[PDB]
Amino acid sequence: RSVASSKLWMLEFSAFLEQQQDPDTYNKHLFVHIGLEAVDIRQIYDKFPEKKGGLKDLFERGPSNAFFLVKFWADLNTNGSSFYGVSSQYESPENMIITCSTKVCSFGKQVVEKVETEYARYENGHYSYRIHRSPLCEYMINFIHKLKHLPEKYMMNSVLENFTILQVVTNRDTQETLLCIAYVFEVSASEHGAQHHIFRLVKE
């Protein structure tokens, strides 16, 4: 239970490209996937939207155990029949209606937001929430395309220095922050492909 608050646990998260070779044949490439050291949140406030409802405001409202920072090393090594998708799975002891708000940011400024409402399914004593094969927004598709066309890996990392994603999962009725995940990216250079590290966000 890494990315987990008292109320909600993210078991899985992935962004991928699926290509249909033929009617019966599919190839899937994972850009990033999940399937704890502390970071001072003040060191990252400039990288996310601020003011009301922003990262500082959300953190101050708490609970503090709902706040995480994920560092991804993305695997960008991949090639009409293309689908860019995102999937995630969550578990909770409580039967809630939850909203997942995902904000893509450049220089700490929101450029696009995707919002999904998710209902519970009873599963072996707990409740399960799944976002299955959500279409990745055009901005992100275009961003990946432009990234891949950069001549050098250092150039890709330079662009990514100012690119962040903020995911806020909320109980729709109460507006309680169930999970808040700040995402930071570099390009993977490893032979093992996509890698990650998860940190707890703390006040100081």
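Residue numbers run from 1 along the displayed sequence.
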_Gap size between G35 and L36, counting deposited residues with no coordinates: none, 1 to 3, 4 to 9, or 10 or more?_
10 or more
*From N124 on to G125, does the model leave out none, 1 to 3, 4 to 9, or 10 or more residues of the deposited sequence?*
none
*Which is higher in the entry, the mean Cα B factor of 133 to 141 or that of 174 to 182?*
133 to 141
*Take the C-alpha B-factors listed in the entry for 115 to 123 and for 101 to 109, compute each mean, and give the stretch with the larger one.*
115 to 123
*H149 - Cα temperature factor, lowest/middle/highest third of chain*: highest
*Where the record places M155 (Cα B-factor, split into thirds across the chain)*: highest
*asked:* Please say which third, lowest, middle or highest, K52 falls into when its CA temperature factor is compared across its chain.
replied: highest
*Looking at the C-alpha B-factor of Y90, is it in the lowest, middle or highest third of its chain?*
middle
_Record-listed C-alpha B factor of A4: chain third_ = middle
